[PDB]
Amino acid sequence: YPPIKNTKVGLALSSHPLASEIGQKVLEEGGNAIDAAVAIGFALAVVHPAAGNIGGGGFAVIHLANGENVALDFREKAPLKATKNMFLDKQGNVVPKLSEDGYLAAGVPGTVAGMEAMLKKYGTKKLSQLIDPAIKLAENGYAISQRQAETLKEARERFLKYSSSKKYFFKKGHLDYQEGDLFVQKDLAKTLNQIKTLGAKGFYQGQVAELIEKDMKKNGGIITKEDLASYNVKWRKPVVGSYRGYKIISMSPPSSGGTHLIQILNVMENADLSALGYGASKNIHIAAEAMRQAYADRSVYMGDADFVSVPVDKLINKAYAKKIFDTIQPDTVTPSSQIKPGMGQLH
């Protein structure tokens, strides 16, 4: 139960021991939270391939020593050739797994751009140094954990469909990796070294960009050098809220999380949850009904704010939350079928 503790350099926590240690060591060596975050970002792209990555994207919410709160959007972008019904057959019907497995299901990767973006703006150490640990792990390998042997096995069927993956995630003869096996990733190392040397350009340009485009074209994908060269992170303002005297700073669009998190919290704030304590059906009911309305709202008002109008300010307005709370009945629920996005309000 006892939480991890530190009273000197702070904490750097991730879902993988090697990556967390790598980040912690950056803190011990003098780097700041950003330096450590960038170091962790690349480490996880090596030791936790199921999620950690350089081929995906994500978000970063940051509180700076000077009191400023910023959000970094390095989410993937639909390719330049992507279309509204690109995953439907010639009858408007969803083409099975076309948006789940394969090269066409991929958006332009932003992770690498994101790491360099936050480093250049708020970091203090050089990328070349913060990326060395991951490079070492990719070059010399690491032990396949118990959980990894599993997840890797549950994804075997998918890997098999693609030669590229068959070569990187299987031992000779396309055999699954077992717990304890030493997993080495030479090509990933090369790519990482490219970034270490040329920075983000080592990924979105040159050989790596070449490999991406040619392999994409060769496999029915649509990502091209044009896409990579045009990928751009976006520093956005975080969505902000308050909860019983605490300031909530979370991710704004293209993420819906921060908005609905603050929305639901706003509804719950109208009740004294502390009174009945954790796990009381009375408190769970209030939170669940708030969630119910928020997810309904999500299905209609949420999208990339750069392309559509998203009523963030309205959804996080406490008056709107108060209107939701007042509809919550003490011992009965509001069926989802009777829920109406926006409640009719939002105007």
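For the two forms, the rigid core is made up of the largest set of C-alpha atoms that agree within 1.5 Å on superposition. In this text, residue numbers run from 1 along the sequence as written.
- Superposing on the core and measuring CA offsets in 4 other deposited structures of this protein, the stretch of 171 to 179 and 107 to 115 with the greater mean deviation is 171 to 179.
- Across the two stretches, 86 to 94 and 102 to 110, the PDB entry reports the greater mean Cα temperature factor for 86 to 94.
- With 222 to 230 and 251 to 259 compared on mean CA B-factor from the PDB entry, the stretch scoring higher is 222 to 230.
- Highest C-alpha temperature factor among 244, 217, 237, 75 per the entry: 217.
- Within the group 184, 188, 175, 267, the record's highest C-alpha temperature factor is found at 175.
- In the PDB entry, residue 30 places in the highest third of its chain by CA B-factor.
- When the modelled residues of the chain are ordered by C-alpha B-factor, residue 198 sits in the highest third.
- Ranked within its chain, residue 212 lands in the middle third, by CA B factor from the PDB record.
- Ranked by C-alpha B-factor against the other modelled residues of its chain, residue 329 falls in the highest third.
- When all modelled residues of the chain are sorted by CA temperature factor, residue 339 is found within the middle third.
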